[PDB]
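Below is one structure, written out as structure tokens; comments come after it.
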Amino acid sequence: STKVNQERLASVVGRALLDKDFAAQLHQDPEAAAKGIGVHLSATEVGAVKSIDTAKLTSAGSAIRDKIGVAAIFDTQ
Amino acid sequence: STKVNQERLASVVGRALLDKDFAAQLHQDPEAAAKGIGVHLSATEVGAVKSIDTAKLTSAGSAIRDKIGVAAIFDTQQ
């Protein structure tokens, strides 16, 4: 689609919710951050991602970030 | 992976950030909400998803929800 590839956008903003360092990189430099994980944001998607307030995302994400991080380190197959 | 399939989890919580109604279905009934979009959450991922406060997620996502919603309706192919 031209403006919204909603599954690729979900991968990007979902990672931001799950990853404070990625969220911050994405807020500072969205097209480049998303390219680094293999996603192309349209100019529509870049402006939408910039409308995510980092403090508000941290407030929403801080609990799940902690819980998924502890699980990830020694995760098995 | 047993506990964390991080790309599938990102698809799920990313959709929640972008979709108030999905976020609410996921909070109420996480395993079934995720199955509905073809994701299997581990019990670890279910407890993790339950730790997303709906009001806090709405606060974080209200602006991007509005902006993506208006763009999506008449979106074209390239």
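By order in the structure tokens, chains are A, B, ...; within a chain, residues start at 1; ligands start at 1, following the order shown.
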Neighbour list for segment 60-72 of chain B as a PyMOL selection string, cut-off 6 Å, only C-alpha atoms, skip fewer than 6 positions in-chain: (chain A and resi 48+51+56-57) or (chain B and resi 17-18)
Just-selected residues, N, CA, C and O atoms written as a tab-separated table (two decimals), in the first residue's frame:
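So selection_4.tsv came out as:
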chain	number	residue	atom	x	y	z
A	48	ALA	N	3.17	9.75	11.58
A	48	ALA	CA	2.40	9.03	12.62
A	48	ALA	C	3.33	8.54	13.74
A	48	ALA	O	3.05	8.79	14.89
A	51	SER	N	4.34	11.02	16.32
A	51	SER	CA	3.24	11.41	17.24
A	51	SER	C	3.17	10.45	18.44
A	51	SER	O	2.28	10.61	19.29
A	56	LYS	N	5.12	8.68	27.37
A	56	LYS	CA	3.80	7.99	27.41
A	56	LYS	C	4.00	6.56	26.96
A	56	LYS	O	3.35	5.69	27.53
A	57	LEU	N	4.87	6.31	25.98
A	57	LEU	CA	5.13	4.92	25.53
A	57	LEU	C	5.84	4.19	26.68
A	57	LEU	O	5.49	3.02	26.96
B	17	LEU	N	-1.35	-1.14	20.14
B	17	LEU	CA	-1.03	0.29	20.19
B	17	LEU	C	-1.81	1.02	19.10
B	17	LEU	O	-2.27	2.13	19.36
B	18	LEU	N	-1.98	0.40	17.93
B	18	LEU	CA	-2.60	1.06	16.75
B	18	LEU	C	-4.13	0.88	16.70
B	18	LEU	O	-4.76	1.44	15.77
I need the chain A residues near chain B as a PDB file with N, CA, C and O atoms, in the first residue's frame; criterion: at most 6 Å, counting only C-alpha atoms.
ATOM      1  N   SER A   1       0.878  -1.165   0.000  1.00  0.00           N
ATOM      2  CA  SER A   1       0.000   0.000   0.000  1.00  0.00           C
ATOM      3  C   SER A   1       0.912   1.211   0.000  1.00  0.00           C
ATOM      4  O   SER A   1       2.090   1.065   0.369  1.00  0.00           O
ATOM      5  N   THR A   2       0.394   2.339  -0.443  1.00  0.00           N
ATOM      6  CA  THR A   2       1.144   3.590  -0.538  1.00  0.00           C
ATOM      7  C   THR A   2       1.437   4.111   0.867  1.00  0.00           C
ATOM      8  O   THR A   2       2.620   4.296   1.155  1.00  0.00           O
ATOM      9  N   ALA A  10       2.956  -2.145  12.572  1.00  0.00           N
ATOM     10  CA  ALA A  10       2.785  -2.885  13.841  1.00  0.00           C
ATOM     11  C   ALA A  10       4.123  -3.487  14.321  1.00  0.00           C
ATOM     12  O   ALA A  10       4.429  -3.372  15.489  1.00  0.00           O
ATOM     13  N   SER A  11       4.894  -4.151  13.464  1.00  0.00           N
ATOM     14  CA  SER A  11       6.233  -4.674  13.825  1.00  0.00           C
ATOM     15  C   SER A  11       7.086  -3.546  14.396  1.00  0.00           C
ATOM     16  O   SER A  11       7.773  -3.786  15.378  1.00  0.00           O
ATOM     17  N   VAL A  13       6.162  -0.355  15.693  1.00  0.00           N
ATOM     18  CA  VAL A  13       5.680   0.359  16.912  1.00  0.00           C
ATOM     19  C   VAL A  13       5.567  -0.686  18.035  1.00  0.00           C
ATOM     20  O   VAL A  13       5.676  -0.316  19.234  1.00  0.00           O
ATOM     21  N   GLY A  14       5.340  -1.951  17.699  1.00  0.00           N
ATOM     22  CA  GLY A  14       5.317  -3.034  18.698  1.00  0.00           C
ATOM     23  C   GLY A  14       6.697  -3.227  19.321  1.00  0.00           C
ATOM     24  O   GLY A  14       6.804  -3.412  20.532  1.00  0.00           O
ATOM     25  N   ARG A  15       7.723  -3.262  18.489  1.00  0.00           N
ATOM     26  CA  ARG A  15       9.130  -3.282  18.972  1.00  0.00           C
ATOM     27  C   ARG A  15       9.384  -2.067  19.873  1.00  0.00           C
ATOM     28  O   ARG A  15       9.950  -2.253  20.954  1.00  0.00           O
ATOM     29  N   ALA A  48       3.166   9.750  11.581  1.00  0.00           N
ATOM     30  CA  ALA A  48       2.400   9.027  12.617  1.00  0.00           C
ATOM     31  C   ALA A  48       3.330   8.542  13.741  1.00  0.00           C
ATOM     32  O   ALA A  48       3.051   8.791  14.893  1.00  0.00           O
ATOM     33  N   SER A  51       4.340  11.024  16.324  1.00  0.00           N
ATOM     34  CA  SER A  51       3.238  11.412  17.239  1.00  0.00           C
ATOM     35  C   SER A  51       3.165  10.449  18.437  1.00  0.00           C
ATOM     36  O   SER A  51       2.277  10.611  19.295  1.00  0.00           O
ATOM     37  N   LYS A  56       5.116   8.684  27.370  1.00  0.00           N
ATOM     38  CA  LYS A  56       3.802   7.993  27.411  1.00  0.00           C
ATOM     39  C   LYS A  56       3.998   6.555  26.964  1.00  0.00           C
ATOM     40  O   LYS A  56       3.352   5.689  27.535  1.00  0.00           O
ATOM     41  N   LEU A  57       4.867   6.313  25.982  1.00  0.00           N
ATOM     42  CA  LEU A  57       5.129   4.921  25.532  1.00  0.00           C
ATOM     43  C   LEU A  57       5.837   4.194  26.678  1.00  0.00           C
ATOM     44  O   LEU A  57       5.494   3.019  26.964  1.00  0.00           O
ATOM     45  N   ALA A  60       3.339   3.131  29.307  1.00  0.00           N
ATOM     46  CA  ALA A  60       2.540   1.983  28.809  1.00  0.00           C
ATOM     47  C   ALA A  60       3.376   0.703  28.814  1.00  0.00           C
ATOM     48  O   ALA A  60       2.797  -0.382  29.069  1.00  0.00           O
ATOM     49  N   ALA A  63       6.191  -2.164  32.250  1.00  0.00           N
ATOM     50  CA  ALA A  63       5.881  -3.473  32.868  1.00  0.00           C
ATOM     51  C   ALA A  63       6.181  -4.605  31.872  1.00  0.00           C
ATOM     52  O   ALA A  63       6.901  -5.567  32.214  1.00  0.00           O
ATOM     53  N   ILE A  64       5.707  -4.509  30.647  1.00  0.00           N
ATOM     54  CA  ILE A  64       5.887  -5.644  29.688  1.00  0.00           C
ATOM     55  C   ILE A  64       7.379  -5.708  29.300  1.00  0.00           C
ATOM     56  O   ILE A  64       7.915  -6.834  29.141  1.00  0.00           O
ATOM     57  N   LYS A  67       9.023  -7.699  32.050  1.00  0.00           N
ATOM     58  CA  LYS A  67       8.608  -9.120  32.066  1.00  0.00           C
ATOM     59  C   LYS A  67       9.178  -9.866  30.849  1.00  0.00           C
ATOM     60  O   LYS A  67       9.547 -11.027  30.995  1.00  0.00           O
ATOM     61  N   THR A  76      14.495 -21.014  25.569  1.00  0.00           N
ATOM     62  CA  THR A  76      14.847 -22.310  24.920  1.00  0.00           C
ATOM     63  C   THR A  76      14.152 -22.436  23.549  1.00  0.00           C
ATOM     64  O   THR A  76      13.325 -21.563  23.214  1.00  0.00           O
ATOM     65  N   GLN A  77      14.397 -23.537  22.821  1.00  0.00           N
ATOM     66  CA  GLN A  77      13.657 -23.939  21.584  1.00  0.00           C
ATOM     67  C   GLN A  77      12.506 -24.899  21.922  1.00  0.00           C
ATOM     68  O   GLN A  77      12.433 -25.462  23.014  1.00  0.00           O
TER      69      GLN A  77
END
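Proximity of A:65, A:27, A:40, A:50 to residue 8 of chain A, computed with only C-alpha atoms, is greatest for A:40.
Rounded to one decimal, atom CA of residue 38 of chain A and atom CA of residue 21 of chain B lie 27.9 Å from each other.
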DSSP-assigned alpha helix (DSSP H) among chain B, expressed as a ChimeraX atom specification: /B:6-18,20-28,30-36,43-50,54-73
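Each of A:71, A:19, A:66, A:12 was compared to residue 46 of chain A using only C-alpha atoms, and A:12 turns out to be the nearest.
Here atom CA of residue 30 of chain A and atom CA of residue 20 of chain B stand 22.9 Å from one another.
The interatomic distance for the pair atom CA of residue 61 of chain A and atom CA of residue 44 of chain A works out to 24.0 Å.
Between residue 39 of chain A and the candidates A:9, A:69, A:18, A:52, the tightest atom-to-atom separation, counting only C-alpha atoms, involves A:9.
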